[PDB]
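Everything on this sheet refers to the single structure shown next.
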Amino acid sequence: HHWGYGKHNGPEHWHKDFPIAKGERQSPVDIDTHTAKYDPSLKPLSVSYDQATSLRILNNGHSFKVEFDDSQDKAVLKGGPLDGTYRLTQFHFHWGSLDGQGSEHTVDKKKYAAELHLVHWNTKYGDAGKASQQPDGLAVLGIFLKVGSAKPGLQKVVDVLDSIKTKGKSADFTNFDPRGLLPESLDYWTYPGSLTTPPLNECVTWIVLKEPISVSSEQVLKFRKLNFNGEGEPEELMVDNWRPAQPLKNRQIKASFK
Ligand SMILES: NS(=O)(=O)c1ccc(C(=O)CSc2ncccn2)cc1Cl
Ligand SMILES: [Zn+2]
């Protein structure tokens with residue numbers, strides 16, 4: 001009876017296996033735009049993805065993820081609220097059954113159709129597992145998706161999803177450039193938080209971009225054809241794989257803009 005997004009194993013159940021679910025710095029959160037404080041000391045975010053090396057794409061029964069070669073300084077995040085250099089290790093998405101839900105973070109209670117998470121680890125900790133045990137171990141760049149015009153840079157991802165329909169399928173996935181998933185502006189909100197999936201470790205500096213990307217209905221339709229289940233099990237479409245907003249508690253959200 002493992003964790004998921006259903007009625008009997010979804011977010012309201014996760015605290016039983018992972019008591020940190022009720023912790024002091026859980027994610028996602030609602031970003032109340034009027035309450036976030038503009039911090040003039042925040043630096044521009046530096047996103048250096050020119051030498052990224054994608055390796056593989058995998059349906060793990062919770063999402064799909066593109067994994068990168070993170071064994072050298074390739075695709076790195078720095079600046080912004082961060083101290084030091086963070087290596088990109090994977091990206092994945094969360095999305096809805098309908099376009100009015102799917103994001104994890106919300107902005108003045110607005111839900112987007114999906115959210116992209118680009119997961120990076122602090123190189124001072126040597127590997128992603130070690131980094132996950134530190135309060136400043138990971139940095140996730142979060143990008144909202146709205147439905148409208150297509151994102152051309154996402155098409156290579158959506159076109160291979162039919163090859164990883166069910167849980168446990170993977171494929172080779174080289175030469176994918178994550179720069180094609182970014183909006184024009186790198187203005188952001190930031191706060192200290194957690195993984196949004198089990199094990200829910202409190203190790204993430206969240207950097208959530210203010211500007212969404214647009215993707216087409218046909219692109220998000222292909223996300224919704226994935227399956228949570230393994231092949232041969234009853235078919236349950238992979239939709240609504242998002243954790244709702246959690247209590248902000250004793251945290252401030254800072255804005256890089258305004
Ligand atoms: N949604 S999210 O918060 O961006 C997110 C989701 C899953 C993972 C994983 O690495 C899960 S496996 C794992 N995590 C920490 C320690 C041992 N294993 C990492 C992140 Cl940052
Ligand atoms: Zn995520």
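Labeling convention for the structure tokens: chains A, B, ... as they appear, residues from 1 per chain, ligands from 1 in order of appearance.
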Counting only C-alpha atoms and all ligand atoms, name the residues that have an atom within 9 Å of an atom of ligand 2; the answer should be given as an MDAnalysis selection string.
chainID A and resid 63 91:94 104 115:119 140 142 195:197 242
Write the selection just made, keeping C-alpha atoms, as a compact mmCIF listing (two decimals), in the first residue's frame?
# COMPACT_ATOMS: atom_id res chain seq x y z
CA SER A 63 5.03 11.53 -12.81
CA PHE A 91 12.93 17.67 -14.27
CA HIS A 92 9.34 16.45 -14.05
CA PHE A 93 5.80 17.87 -14.04
CA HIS A 94 2.60 17.85 -12.04
CA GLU A 104 1.25 22.64 -6.78
CA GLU A 115 3.85 22.94 -12.96
CA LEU A 116 7.39 22.09 -14.14
CA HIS A 117 10.04 21.35 -11.48
CA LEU A 118 13.71 21.54 -12.43
CA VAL A 119 15.51 19.89 -9.48
CA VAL A 140 13.85 23.68 -7.40
CA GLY A 142 9.25 25.95 -10.53
CA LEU A 195 9.94 18.08 -1.52
CA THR A 196 6.26 18.01 -2.58
CA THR A 197 6.30 14.20 -2.81
CA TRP A 242 -0.26 17.45 -7.37
Skip residue A:83 itself and residues of its chain fewer than 4 positions away, then list as a compact mmCIF listing (two decimals) with N, CA, C and O atoms, in the first residue's frame all residues within 12 Å of it, counting only C-alpha atoms.
# COMPACT_ATOMS: atom_id res chain seq x y z
N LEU A 42 18.11 40.59 -3.30
CA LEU A 42 18.10 39.33 -4.06
C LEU A 42 18.82 39.56 -5.39
O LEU A 42 18.67 40.58 -6.04
N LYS A 43 19.55 38.56 -5.83
CA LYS A 43 20.28 38.69 -7.07
C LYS A 43 19.46 38.11 -8.20
O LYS A 43 18.51 37.31 -8.03
N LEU A 45 18.65 35.50 -10.94
CA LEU A 45 18.92 34.11 -10.97
C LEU A 45 19.86 33.86 -12.17
O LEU A 45 19.61 34.45 -13.24
N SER A 46 20.88 33.03 -11.99
CA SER A 46 21.72 32.59 -13.10
C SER A 46 21.38 31.16 -13.48
O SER A 46 21.54 30.25 -12.68
N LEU A 77 22.47 26.09 -11.69
CA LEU A 77 21.73 27.23 -11.17
C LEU A 77 22.58 27.90 -10.08
O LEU A 77 23.09 27.17 -9.18
N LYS A 78 22.64 29.22 -10.09
CA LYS A 78 23.26 29.94 -8.99
C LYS A 78 22.64 31.33 -8.92
O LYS A 78 21.72 31.65 -9.69
N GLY A 79 23.15 32.15 -8.01
CA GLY A 79 22.63 33.49 -7.81
C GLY A 79 21.23 33.41 -7.21
O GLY A 79 20.90 32.45 -6.52
N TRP A 121 20.85 20.11 -7.09
CA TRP A 121 21.44 19.86 -5.77
C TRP A 121 22.70 20.69 -5.58
O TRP A 121 23.46 20.93 -6.52
N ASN A 122 22.91 21.07 -4.33
CA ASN A 122 24.07 21.93 -3.98
C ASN A 122 25.35 21.14 -4.05
O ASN A 122 25.52 20.13 -3.36
N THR A 123 26.26 21.62 -4.90
CA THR A 123 27.48 20.83 -5.14
C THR A 123 28.36 20.73 -3.89
O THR A 123 29.22 19.86 -3.86
N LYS A 124 28.14 21.61 -2.84
CA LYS A 124 28.96 21.46 -1.64
C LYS A 124 28.68 20.13 -0.93
O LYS A 124 29.46 19.74 -0.06
N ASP A 136 19.69 23.35 3.09
CA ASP A 136 20.01 24.09 1.87
C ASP A 136 20.54 23.13 0.79
O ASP A 136 21.42 23.51 0.00
N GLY A 137 20.04 21.89 0.78
CA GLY A 137 20.59 20.89 -0.12
C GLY A 137 20.14 21.02 -1.57
O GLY A 137 20.87 20.66 -2.49
N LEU A 138 18.83 21.32 -1.79
CA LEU A 138 18.25 21.32 -3.13
C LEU A 138 17.70 22.69 -3.48
O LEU A 138 17.34 23.46 -2.58
N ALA A 139 17.64 22.99 -4.78
CA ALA A 139 16.94 24.18 -5.25
C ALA A 139 16.08 23.71 -6.38
O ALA A 139 16.54 23.03 -7.31
N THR A 205 15.28 25.02 -1.34
CA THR A 205 15.02 26.44 -1.58
C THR A 205 14.18 26.51 -2.86
O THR A 205 14.61 26.08 -3.94
Please identify all polymer residues within 12 Å of residue A:194, counting only C-alpha atoms, omitting same-chain residues fewer than 2 positions from it, and present them as a ChimeraX atom specification.
/A:20-29,119,132-140,191-192,196-207,243,245-246,248
Could you dump the residues just selected with N, CA and C atoms as an mmCIF file, in the first residue's frame?
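Now in again_0.cif:
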data_model
loop_
_atom_site.group_PDB
_atom_site.id
_atom_site.type_symbol
_atom_site.label_atom_id
_atom_site.label_comp_id
_atom_site.auth_asym_id
_atom_site.auth_seq_id
_atom_site.Cartn_x
_atom_site.Cartn_y
_atom_site.Cartn_z
ATOM 1 N N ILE A 20 7.024 14.151 8.668
ATOM 2 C CA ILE A 20 7.443 15.492 8.317
ATOM 3 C C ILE A 20 6.429 16.210 7.418
ATOM 4 N N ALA A 21 5.418 15.487 6.936
ATOM 5 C CA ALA A 21 4.352 16.089 6.150
ATOM 6 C C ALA A 21 3.668 17.215 6.905
ATOM 7 N N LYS A 22 3.636 17.153 8.257
ATOM 8 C CA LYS A 22 3.050 18.185 9.097
ATOM 9 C C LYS A 22 4.132 19.080 9.692
ATOM 10 N N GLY A 23 5.283 19.194 8.984
ATOM 11 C CA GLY A 23 6.428 19.956 9.499
ATOM 12 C C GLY A 23 6.271 21.480 9.365
ATOM 13 N N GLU A 24 7.362 22.155 9.658
ATOM 14 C CA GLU A 24 7.394 23.599 9.737
ATOM 15 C C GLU A 24 7.738 24.253 8.400
ATOM 16 N N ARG A 25 8.174 23.483 7.385
ATOM 17 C CA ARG A 25 8.543 24.150 6.125
ATOM 18 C C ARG A 25 8.166 23.251 4.955
ATOM 19 N N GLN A 26 6.858 22.918 4.905
ATOM 20 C CA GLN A 26 6.374 22.042 3.829
ATOM 21 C C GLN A 26 5.956 22.827 2.572
ATOM 22 N N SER A 27 6.007 22.153 1.432
ATOM 23 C CA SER A 27 5.655 22.729 0.137
ATOM 24 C C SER A 27 4.647 21.821 -0.518
ATOM 25 N N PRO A 28 3.877 22.358 -1.488
ATOM 26 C CA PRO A 28 3.896 23.756 -1.967
ATOM 27 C C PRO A 28 3.128 24.657 -0.985
ATOM 28 N N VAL A 29 3.044 25.929 -1.365
ATOM 29 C CA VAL A 29 2.316 26.953 -0.628
ATOM 30 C C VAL A 29 1.566 27.817 -1.627
ATOM 31 N N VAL A 119 14.962 20.231 -10.808
ATOM 32 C CA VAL A 119 15.513 19.894 -9.483
ATOM 33 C C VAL A 119 17.049 19.935 -9.544
ATOM 34 N N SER A 132 19.956 15.970 -0.014
ATOM 35 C CA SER A 132 18.554 15.909 0.433
ATOM 36 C C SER A 132 18.463 15.873 1.966
ATOM 37 N N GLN A 133 19.597 15.624 2.646
ATOM 38 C CA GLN A 133 19.604 15.605 4.113
ATOM 39 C C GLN A 133 20.000 16.956 4.709
ATOM 40 N N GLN A 134 20.089 18.029 3.895
ATOM 41 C CA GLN A 134 20.568 19.329 4.349
ATOM 42 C C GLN A 134 19.481 20.344 4.128
ATOM 43 N N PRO A 135 19.400 21.391 5.002
ATOM 44 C CA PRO A 135 18.332 22.372 4.852
ATOM 45 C C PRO A 135 18.448 23.221 3.592
ATOM 46 N N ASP A 136 19.689 23.350 3.093
ATOM 47 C CA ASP A 136 20.007 24.087 1.868
ATOM 48 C C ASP A 136 20.539 23.133 0.792
ATOM 49 N N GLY A 137 20.042 21.892 0.780
ATOM 50 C CA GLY A 137 20.591 20.888 -0.120
ATOM 51 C C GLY A 137 20.144 21.023 -1.568
ATOM 52 N N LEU A 138 18.831 21.316 -1.790
ATOM 53 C CA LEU A 138 18.248 21.315 -3.132
ATOM 54 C C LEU A 138 17.702 22.690 -3.480
ATOM 55 N N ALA A 139 17.644 22.988 -4.777
ATOM 56 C CA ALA A 139 16.944 24.176 -5.247
ATOM 57 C C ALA A 139 16.084 23.708 -6.383
ATOM 58 N N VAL A 140 14.781 24.046 -6.316
ATOM 59 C CA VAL A 140 13.852 23.681 -7.398
ATOM 60 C C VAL A 140 13.388 24.957 -8.072
ATOM 61 N N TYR A 191 11.190 30.936 -1.232
ATOM 62 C CA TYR A 191 10.947 30.656 0.177
ATOM 63 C C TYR A 191 11.577 29.291 0.505
ATOM 64 N N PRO A 192 11.824 29.032 1.803
ATOM 65 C CA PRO A 192 12.350 27.720 2.202
ATOM 66 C C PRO A 192 11.242 26.682 2.327
ATOM 67 N N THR A 196 7.734 18.065 -2.570
ATOM 68 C CA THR A 196 6.263 18.013 -2.580
ATOM 69 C C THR A 196 5.756 16.599 -2.674
ATOM 70 N N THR A 197 6.662 15.611 -2.801
ATOM 71 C CA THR A 197 6.303 14.197 -2.807
ATOM 72 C C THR A 197 7.024 13.547 -1.636
ATOM 73 N N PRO A 198 6.520 12.395 -1.131
ATOM 74 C CA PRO A 198 7.327 11.605 -0.213
ATOM 75 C C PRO A 198 8.734 11.427 -0.785
ATOM 76 N N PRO A 199 9.788 11.461 0.043
ATOM 77 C CA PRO A 199 9.761 11.525 1.514
ATOM 78 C C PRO A 199 9.561 12.898 2.143
ATOM 79 N N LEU A 200 9.277 13.938 1.345
ATOM 80 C CA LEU A 200 8.855 15.249 1.878
ATOM 81 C C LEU A 200 9.981 15.965 2.636
ATOM 82 N N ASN A 201 11.243 15.629 2.363
ATOM 83 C CA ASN A 201 12.380 16.193 3.081
ATOM 84 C C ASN A 201 12.353 17.717 2.995
ATOM 85 N N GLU A 202 12.705 18.354 4.103
ATOM 86 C CA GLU A 202 12.749 19.805 4.248
ATOM 87 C C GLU A 202 14.110 20.349 3.823
ATOM 88 N N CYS A 203 14.400 20.225 2.538
ATOM 89 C CA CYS A 203 15.761 20.469 2.058
ATOM 90 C C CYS A 203 15.757 21.409 0.840
ATOM 91 N N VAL A 204 14.624 22.056 0.519
ATOM 92 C CA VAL A 204 14.514 22.767 -0.754
ATOM 93 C C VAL A 204 14.435 24.273 -0.581
ATOM 94 N N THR A 205 15.275 25.019 -1.339
ATOM 95 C CA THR A 205 15.023 26.435 -1.581
ATOM 96 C C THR A 205 14.185 26.505 -2.861
ATOM 97 N N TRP A 206 12.926 26.960 -2.715
ATOM 98 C CA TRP A 206 12.033 27.087 -3.862
ATOM 99 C C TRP A 206 12.247 28.416 -4.565
ATOM 100 N N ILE A 207 12.284 28.341 -5.903
ATOM 101 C CA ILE A 207 12.407 29.529 -6.750
ATOM 102 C C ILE A 207 11.283 29.340 -7.772
ATOM 103 N N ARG A 243 0.257 17.862 -5.030
ATOM 104 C CA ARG A 243 -0.049 18.083 -3.615
ATOM 105 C C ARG A 243 -0.652 19.471 -3.486
ATOM 106 N N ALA A 245 -1.679 23.136 -1.588
ATOM 107 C CA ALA A 245 -0.941 24.098 -0.754
ATOM 108 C C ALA A 245 -1.002 23.683 0.728
ATOM 109 N N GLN A 246 0.142 23.877 1.377
ATOM 110 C CA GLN A 246 0.367 23.541 2.779
ATOM 111 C C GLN A 246 0.497 24.819 3.596
ATOM 112 N N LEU A 248 1.725 27.975 5.526
ATOM 113 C CA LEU A 248 2.946 28.736 5.414
ATOM 114 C C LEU A 248 3.725 28.772 6.724
#
Given only C-alpha atoms and all ligand atoms as the counted atoms, nearest of A:127, A:172, A:73, A:50 to ligand 1:
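Looking only at the distances to ligand 1, the closest residue turns out to be A:127.
Backbone DSSP over stretch 29-182 of chain A yields alpha helix (DSSP H) at residues 128, 129, 130, 131, 155, 156, 157 and 158 of chain A.
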Report as a ChimeraX atom specification: the residues of stretch 36-245 of chain A with a DSSP assignment of strand (DSSP E), based on the backbone of this structure.
/A:37-38,45-48,54-59,64-68,76-79,86-95,106-107,114-122,138-147,170-172,188-193,204-209,213-215
List as a PyMOL selection string the protein and nucleic acid residues near residue A:214, meaning an atom at most 7 Å away when only C-alpha atoms are counted, but skip any in the same chain fewer than 2 places from it.
chain A and resi 145-151+212+216
